[PDB]
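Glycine gets a Cβ as well: all are built from the backbone with ideal geometry, and neighbour counts include every protein chain shown. Laboratory data are not the source of any read-out in this text; all were calculated from the coordinates shown.
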């Protein structure tokens, strides 16, 4: 009934950020430290969706991975189905320094007081801005302090970029439910409060109208297809995009640009989500194999190793004390925008259940936001329709399984 025996630890990864070389290096370091264990790096897919399907298929038998890379949406799907190990007892047995993981990044995998993965390849949104546009618009050299301040800046930025360009680009349906989460929170909205959907609450509708008005009424914003590229080529004076896009923008931009944390809510309330993927251990392993799997996961996400992974890939270090790593200190001093991304980590918030735990919630919310953005759909009508659809899916797929 379970995967037992002494075969190598099977690590299923999609090699996010083209990271197979970095992963092989981490495996080498692991095998040096644990000379009785070996790890097999398996190319389990080109992306997180493919890894999830490969895992799903493997679940019929015992050729499951020992360690599997699951994204922000897929981990709960599997945890709820009972096929992942709750890690807390193992954390304490192996002596994992859990308080040294970035608070939000570990909390991302918590449900009902139990943790089902460890953060591995993590990102957040970041506010990118064109300094030449900022200067022409007479703005201070910083990101906006609030979304409402930015909205005031917008029309002047639109004047200075000219025809066929925009002051701000919003992501399209591939990322907008992720990036809009921040401004929604900043305005007191949310997609949900735990399992209770809140798309139709007044603060959320107001945030939706802020977004709609930026594109239509005032018009300084646009929906961007390839947002990182539209920013880097100068079509957009600013954009919220992933920290994962920082290296690409740096390599492509032929103008001076800044990176800023997203505006907070009132009293510096966190208004920035996290994103990416973590490492989980399937439930159908023998106890011995689970222990070995956690030794691997804990090792490759230790302070030295997460710093290394970050330097190689552009993902963020998942340990608080990685800032004290010598190589990391050097890296941060050479790369101040990497430091902006780092410094935002204590000011992040776990994602709304409607996006990450509710099947397709990210895609359905994104489609609605894209409809508001591209077609000027009404916010109240759109959010109301979406909430009804999400409620049906939540009650049919998730709520019964929670008993």
Can you tell me which residues in region 265-301 are more than 16 Å from residue 75 (Cβ to Cβ) and part of a strand (DSSP E or B)?
285
Residues that are surrounded by fewer than 23 Cβ atoms within 10 Å (Cβ to Cβ) and closer than 30 Å to residue 84 by Cα, drawn from region 258-274:
270
Given (1) more than 25 Å from residue 111 (Cβ to Cβ); (2) touching a strand residue (DSSP E or B) at 6+ places or on another chain (Cβ under 7 Å), residue 48 misses just (1)
Single condition residue 114 does not satisfy, out of (1) in contact with a helix residue (DSSP H, G or I) (Cβ under 7 Å, 6 or more places away or on another chain); (2) closer than 28 Å to residue 401 by Cβ; (3) surrounded by 16 or more Cβ atoms within 10 Å (Cβ to Cβ)
(3)
Within region 28-53, considering residues that are touching a residue at least 60 places away in the same chain (Cβ under 8 Å) and within 27 Å of residue 73 (Cβ to Cβ), the one surrounded by the most Cβ atoms within 10 Å (Cβ to Cβ)
39
Out of region 19-46, which residues are under 23 Å from the mean Cα position of the chain (by Cα) and farther than 17 Å from residue 277 by Cβ?
21
In region 293-310, what residues are touching a strand residue (DSSP E or B) at 6+ places or on another chain (Cβ under 6 Å) and within 14 Å of residue 280 (Cα to Cα)?
293, 296, 297, 301
When you check residue 152 against the structure, is it free of Cβ contacts under 8 Å to residues at least 40 places away in the same chain, surrounded by fewer than 20 Cβ atoms within 10 Å (Cβ to Cβ) and under 29 Å from the mean Cα position of the chain (by Cα), yes or no?
yes
Just a yes or no: is a residue in region 355-372 free of Cβ contacts under 8 Å to residues at least 40 places away in the same chain and in contact with a strand residue (DSSP E or B) (Cβ under 8 Å, 6 or more places away or on another chain)?
no
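Conditions tested, residue by residue: (1) surrounded by 19 or more Cβ atoms within 10 Å (Cβ to Cβ); (2) within 24 Å of the chain's Cα centre (by Cα); (3) touching a residue at least 60 places away in the same chain (Cβ under 8 Å); (4) under 27 Å from residue 343 (Cα atoms).
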residue: 204; (1), (2), (3), (4): yes, yes, yes, no
residue: 215; (1), (2), (3), (4): yes, no, yes, no
residue: 220; (1), (2), (3), (4): yes, no, yes, no
residue: 225; (1), (2), (3), (4): no, yes, no, no
residue: 243; (1), (2), (3), (4): yes, yes, yes, yes
residue: 251; (1), (2), (3), (4): no, yes, no, yes
residue: 256; (1), (2), (3), (4): no, no, yes, yes
Among 392, 340, the single one that is surrounded by fewer than 23 Cβ atoms within 10 Å (Cβ to Cβ) and in contact with a strand residue (DSSP E or B) (Cβ under 8 Å, 6 or more places away or on another chain) is 340
How many residues, within region 227-237, are in contact (Cβ under 8 Å) with a residue 24 or more places away in the chain and out of contact with any helix residue (DSSP H, G or I) (no Cβ under 7 Å at 6 or more places or on another chain)?
4
When you scan region 1-21, how many residues do you find that are surrounded by 19 or more Cβ atoms within 10 Å (Cβ to Cβ) and in a loop (DSSP other than H, G, I, E, B)?
4
The lone condition residue 351 fails out of (1) in a helix (DSSP H, G or I); (2) in contact (Cβ under 8 Å) with a residue 60 or more places away in the chain; (3) surrounded by 16 or more Cβ atoms within 10 Å (Cβ to Cβ) is (1)
